[PDB]
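Chain identifiers are assigned alphabetically (A, B, ...) following the order of the sequence lines, protein sequences preceding nucleic acid strands; residue numbering begins at 1 within each chain.
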Amino acid sequence: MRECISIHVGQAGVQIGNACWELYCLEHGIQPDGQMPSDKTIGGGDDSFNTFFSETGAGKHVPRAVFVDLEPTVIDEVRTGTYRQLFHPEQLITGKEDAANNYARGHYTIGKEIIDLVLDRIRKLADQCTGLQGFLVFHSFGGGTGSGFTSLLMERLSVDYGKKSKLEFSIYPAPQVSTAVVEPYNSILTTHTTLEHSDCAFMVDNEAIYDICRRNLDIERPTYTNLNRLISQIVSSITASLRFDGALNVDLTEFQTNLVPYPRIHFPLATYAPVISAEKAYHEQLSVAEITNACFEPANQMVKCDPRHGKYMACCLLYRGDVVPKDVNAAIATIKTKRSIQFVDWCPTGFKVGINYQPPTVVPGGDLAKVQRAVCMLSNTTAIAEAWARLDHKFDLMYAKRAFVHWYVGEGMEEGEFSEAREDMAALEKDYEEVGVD
Amino acid sequence: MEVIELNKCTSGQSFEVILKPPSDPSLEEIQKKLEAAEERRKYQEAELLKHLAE
Amino acid sequence: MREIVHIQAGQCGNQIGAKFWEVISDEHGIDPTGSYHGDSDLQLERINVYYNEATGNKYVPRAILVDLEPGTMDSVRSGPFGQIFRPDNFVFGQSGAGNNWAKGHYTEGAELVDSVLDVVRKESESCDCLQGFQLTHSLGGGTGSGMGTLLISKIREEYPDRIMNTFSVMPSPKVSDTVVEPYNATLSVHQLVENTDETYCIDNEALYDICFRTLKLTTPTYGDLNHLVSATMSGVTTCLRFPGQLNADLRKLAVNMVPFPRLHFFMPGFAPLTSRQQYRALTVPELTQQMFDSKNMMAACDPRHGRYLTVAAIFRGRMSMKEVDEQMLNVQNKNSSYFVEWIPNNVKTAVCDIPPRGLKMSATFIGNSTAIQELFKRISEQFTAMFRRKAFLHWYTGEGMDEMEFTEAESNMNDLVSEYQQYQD
Amino acid sequence: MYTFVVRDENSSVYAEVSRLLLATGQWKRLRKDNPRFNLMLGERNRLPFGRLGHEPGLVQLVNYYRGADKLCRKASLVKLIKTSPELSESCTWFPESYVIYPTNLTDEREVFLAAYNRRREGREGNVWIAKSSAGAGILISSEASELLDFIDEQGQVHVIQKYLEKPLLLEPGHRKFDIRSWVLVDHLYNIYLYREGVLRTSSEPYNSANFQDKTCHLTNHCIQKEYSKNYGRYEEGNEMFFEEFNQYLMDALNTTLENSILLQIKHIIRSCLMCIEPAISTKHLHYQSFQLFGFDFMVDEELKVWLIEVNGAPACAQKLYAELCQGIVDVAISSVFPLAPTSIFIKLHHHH
Ligand SMILES: Nc1nc2c(ncn2[C@@H]2O[C@H](COP(=O)(O)OP(=O)(O)OP(=O)(O)O)[C@@H](O)[C@H]2O)c(=O)[nH]1
Ligand SMILES: Nc1ncnc2c1ncn2[C@@H]1O[C@H](COP(=O)(O)OP(=O)(O)CP(=O)(O)O)[C@@H](O)[C@H]1O
Ligand SMILES: Nc1nc2c(ncn2[C@@H]2O[C@H](COP(=O)(O)OP(=O)(O)O)[C@@H](O)[C@H]2O)c(=O)[nH]1
Ligand SMILES: O=C(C1CC1)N1CCN(c2ccc(F)cc2)CC1
Ligand SMILES: [Ca+2]
Ligand SMILES: [Ca+2]
Ligand SMILES: [Ca+2]
Ligand SMILES: [Mg+2]
Ligand SMILES: [Mg+2]
Ligand SMILES: [Mg+2]
């Protein structure tokens with residue numbers, strides 16, 4: 001058994017992290033007090049769920065997690081929320097004033113003064129692991145902490161844990177749920193300095209989650225609580241292999257092996273289905289072929305783009321619920337003869353499939369209805385470059401006028417770091433075009 | 001349409017289907033970046049105080 | 001615990017500052033004696049932002065009252081909520097400033113400024129984490145203008161990395177006390193260009209026309225004009241005083257409103273503005289159409305003469321947040337010729353459930369518009385009309401000032417106009 | 001008040017559509033870079049599709065289908081037909097074609113020569129035509145050596161296809177011609193055929209014993225108006241409209257344009273567009289697409305219709321700009337953005 005340490009940075013990472021650990025507890029049968037009746041080994045054990053939870057002599061199952069925010073209001077929800085008993089104070093780190101949506105402020109000004117404290121708290125969790133696999137890092141692109149402090153933490157983790165894998169769950173900025181304007185700057189700055197330090201990153205576009213919540217859940221104006229509960233389902237679908245018995249994606253390294261043949265191109269597209277509203281009178285249960293077919297509809301992608309106009313480099317099908325291999329292959333065959341699925345010539349045209357018999361768990365009173373089977377597809381498409389193009393264009397519009405730049409220079413950043421980070425994104429966009437287009 | 005590496009356990013199974021075959025900065029260097037930006041903040045604040053002293 | 005220190009200087013600054021604490025004290029359920037008497041916890045959620053908590057659950061505003069003559073602050077102390085202010089926080093002289101920027105900035109004001117900073121330091125030293133300062137004042141007199149801008153210069157020297165926002169009343173020959181108002185305004189504007197992160201420009205003429213034309217007030221008074229400023233100040237600070245969509249502090253708010261350090265002068269607005277047909281329910285379309293209408297703006301500048309760099313709007317009350325977005329995304333996508341296209345998504349909206357006293361719902365407008373240059377062009381034209389003849393200069397040279405300093409203030413303002421002009425094209 | 005942007009100042013068609021949109025007083029034109037638009041009259045090349053449909057609250061519509069180039073590229077069309085089961089390699093209405101890359105660069109050189117040698121040995125007519133999308137550059141010849149050598153002298157991909165040695169010749173004149181049909185595909189993927197076509201006729205007598213002079217073989221409006229000495233003799237601008245052409249078929253052949261030619265055309269437009277529908281449909285997309293196409297057909301002396309090529313940004317006949325442009329605003333733009341007959345189109349029903 002090998003352990004995974006989750007790191008939640010900024011408001012987005014902390015609240016998303018809160019939703020996931022709530023979901024993990026409901027899935028693993030853990031109560032808010034940390035007790036787990038089904039765990040017959042008291043105060044120890046090397047079970048699959050132990051990759052994410054440690055155990056005390058008193059039988060408490062404690063998440064292997066660290067929450068970091070430059071301002072304490074979000075993390076104070078955890079300290080007093082339902083699952084306050086799970087964590088101890090060492091795991092929750094808060095400053096007194098945030099980064100004001102300023103990357104330079106989170107990376108340099110404030111980050112410099114708290115980076116060593118965070119590493120110390122992480123070192124404590126690492127010291128409880130007999131074979132640490134690496135880190136899962138949750139954060140937003142737009143926030144000054146989520147963007148600026150995460151890139152500093154990633155550089156230091158690469159130094160302090162050279163041989164450890166680092167996966168990201170990053171929130172792509174969406175105007176419909178953002179009162180900020182400088183988020184293109186922060187996103188590009190943090191992607192430039194984080195690129196070489198992240199082995200595999202899962203980008204979730206808030207715009208995509210917003211429409212799925214309005215469209216499939218009939219939420220007129222979704223809240224962060226709505227978005228996070230849907231996002232934590234996808235996160236659970238992706239981390240389930242590490243927490244349950246299985247043979248696919250059993251360690252963090254297998255994510256890069258199966259989804260990232262080229263290092264810089266490490267942003268798999270995520271598609272999830274089905275998302276059924278709980279308020280519905282009662283929904284007809286979809287089949288393996290239907291939910292699998294949904295995985296090629298843009299409407300249920302975590303990033304709105306058109307994979308019909310890209311090339312696949314890898315494709316993973318993660319099933320939960322009443323699913324048997326026979327039905328999977330039967331559906332896959334039909335989809336190939338109906339869908340546009342063009343692979344790169346230097347990659348096999350195939351699908352790795354994982355099935356976990358336990359159906360998706362849903363939080364009581366949440367918005368999602370209990371379904372008998374669901375699936376999450378991880379596919380590395382060049383079509384996700386559309387998101388880099390969108391974001392890079394917004395950067396160019398403001399940077400041509402040097403708008404808002406004085407806020408970053410004022411915190412000690414050089415203007416050259418802007419153009420340096422932008423030219424890196426231009427190189428990233430060209431890499432996608434060389435791999436996908438003819 | 002081949003199925004390879006079929007693994008079955010109590011909580012699920014996994015397999016692979018093939019449809020067609022194919023055809024860092026050191027700790028010191030980070031401290032320099034952090035301190036260089038800190039030094040530019042100190043310089044900028046000094047010019048402000050020098051301005052206010054005038 | 002993100003505290004704000006409030007400073008009000010001079011006649012205008014204290015009379016407007018007083019109505020401000022009267023308005024929000026009511027919204028937070030604080031009576032004139034500092035005792036809470038509300039019915040919702042939302043009233044106390046962010047109460048420490050503007051109030052200190054004393055013994056016996058008393059709430060004392062974190063405000064500093066400053067003037068060079070005792071008169072106005074004697075009114076405040078005897079006013080409605082006069083008893084709610086900390087006695088030590090009254091700092092005043094006897095000389096007066098004679099509506100002379102030089103007296104407030106260099107002579108009279110310099111003699112008193114140190115004792116004001118001692119009170120400021122006292123309030124700051126108690127803040128868990130100081131957000132920044134806010135100053136209310138006029139630019140046409142001597143105390144709020146000359147000594148206010150001197151206070152800002154000394155506050156920035158001692159708190160260089162704290163936010164400094166001001167609510168600044170701009171003079172107008174239509175609502176004028178003295179002819180030297182253009183001199184005082186031009187001299188203050190350059191201090192604000194350098195030393196404030198945000199300045200809400202409140203034009204006394206726009207306030208007048210709103211009282212006469214929209215409110216149908218035959219003979220407006222300063223009291224009437226200040227009722228509009230109180231409501232506007234309560235509007236812009238709503239996101240700071242209550243929980244809601246955005247939980248940003250002054251710095252994050254400034255980061256997204258100010259793309260250039262010198263262009264930080266905002267045009268505020270408020271809706272509704274109804275004449276006594278005052279009980280009729282106001283719909284979301286009406287709230288939005290008015291909020292963007294020039295007649296609802298207090299900068300007396302036609303936004304259709306310039307372009308918005310950034311726009312913010314706060315909606316208060318129980319309303320359709322879905323229908324809110326529909327009307328906002330309708331005003332933008334129907335007049336995108338006045339928004340700069342090189343700042344993506346520069347129109348932001350936020351909602352707050354608590355409405356102002358006696359209103360089902362309302363909206364406050366905050367525009368960073370290049371049209372504000374029309375206001376500085378007015379001031380500059382009136383300044384040069386007198387300065388070309390050195391009229392009334394003796395009042396200022398008698399306080400140690402030299403003509404050169406006037407010439408520099410003139411160039412600084414005209415540079416400011418030239419900076420707004422390039423970004424409008 | 002709807003908003004649109006113009007990003008192709010050279011489009012005669014959408015210049016009229018934009019001129020009409022403004023005439024309604026309900027459409028406002030924005031700068032070509034303002035992202036807050038409802039309708040994008042986009043550019044031909046490198047249209048930034050990835051930036052469409054990401055504006056909060058704005059339903060956005062574009063006048064080009066992302067991926068339709070598969071059908072509007074000389075080399076792409078050939079590949080699509082041979083590799084698409086819906087069209088198969090035995091497609092009866094498309095001339096035998098081969099993709100041939102210049103030697104200075106898969107390629108079907110050997111496949112072409114195998115079919116060429118078969119024709120030469122069987123006494124059959126062995127005349128082919130080499131062309132490419134990078135042309136105003138066409139060569140007609142009966143020798144395989146000349147065709148391949150002509151391509152190697154160039155540096156872009158070409159296509160060699162069979163030349164219709166038995167074209168239907170109009171009388172009087174004994175002259176070649178082609179047929180242009182405009183087809184509009186709306187956001188719902190309804191296929192509308194404009195009721196008005198045009199025959200771009202050659203004002204020169206067809207001569208099968210001299211492919212060197214390409215003025216009687218190529219019916220391009222620019223070639224006839226440049227290298228032809230009888231331009232405008234029989235019809236104004238070498239443009240015969242369906243009314244006349246139909247009247248001719250009745251007097252000469254005792255048949256109608258509908259039965260003899262139009263049925264095959266409608267069938268070809270359907271087969272082509274239904275084929276690529278799964279690849280370019282914007283049904284479940286975050287933005288909506290529509291596009292105007294220009295199909296070019298050839299008719300032989302047996303009255304069999306052959307598909308020549310498909311144009312992605314076609315121009316219209318001067319006499320038909322008003323009626324067609326208005327038709328685009330009715331079914332393509334106003335259908336998505338309504339304003340405050342007897343259709344000029346022919347809805348080709350089909351299964352989605
Ligand atoms: N999905 C989701 N997105 C969030 C959430 N909270 C904030 N965001 C997004 O994150 C971006 C803002 O960055 P934040 O994470 O709030 O800022 P931060 O990381 O705390 O850094 P600071 O600037 O110091 O506050 C916006 O694009 C928000 O829409 C959340 O709970 N869920
Ligand atoms: N296989 C073939 N048999 C007979 N004629 C042919 C032919 N291929 C092309 N042509 C002739 O060439 C002309 C059109 O050529 P083509 O369409 O390939 O070039 P082009 O695309 O630049 C003209 P446009 O795009 O305007 O239709 C027609 O008038 C037709 O007579
Ligand atoms: N809105 C408003 N403006 C005022 C008020 N009092 C004065 N003014 C304006 O402010 C300027 C005079 O400045 P004043 O505050 O009296 O000078 P000070 O006391 O020395 O700071 C003139 O332009 C007045 O029109 C007031 O109560 N409300
Ligand atoms: O500078 C300030 C505060 C000192 C008053 N503000 C400007 C930005 N405002 C804003 C409104 C809606 C919105 F969506 C985002 C920001 C609120 C107030
Ligand atoms: Ca155990
Ligand atoms: Ca590494
Ligand atoms: Ca004295
Ligand atoms: Mg934050
Ligand atoms: Mg006065
Ligand atoms: Mg062509």
Quiz prompt | Residue part contacting chain A, namely of C:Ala312, when any heavy atom lies under 4.5 Å | solution = neither

Quiz prompt | Side chain proximity check, C:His28 to C:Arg241, heavy atoms < 4.5 angstrom | solution = yes

Exercise. Report the relative orientation of the aromatic rings in A:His139 and A:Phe141; use parallel for angles under 30°, tilted for 30 to 60°, perpendicular for over 60°.
Key: tilted

Quiz item: Any side-chain heavy atom of C:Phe339 within less than 4.5 Å of one from C:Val347?
Solution: yes

Quiz item: Under a 4.5 Å cut-off applied to non-hydrogen side-chain atoms, are A:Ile171 and A:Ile16 in contact?
Solution: yes

Quiz item: Heavy-atom count around A:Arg215 CZ within 6.0 Å, excluding the residue itself: above 12?
Solution: yes

Quiz item: chain A heavy atoms under 4.5 Å from C:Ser320: which part of the residue, side chain, backbone, both or neither?
Solution: neither

Quiz item: A:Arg105 versus chain C, heavy atoms under 4.5 Å apart: side chain, backbone, both or neither?
Solution: side chain

Quiz item: At a heavy-atom separation under 4.5 Å, does C:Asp325 approach chain A through its side chain, its backbone, both, or neither?
Solution: side chain

Quiz prompt | Top of A:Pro175, A:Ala400, A:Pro184 for chain C proximity - count of heavy-atom pairs under 4.5 angstrom | solution = A:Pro175

Exercise. For chain A, find which of C:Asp128, C:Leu329, C:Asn346 contributes the most heavy-atom pairs closer than 4.5 angstrom.
Key: C:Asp128

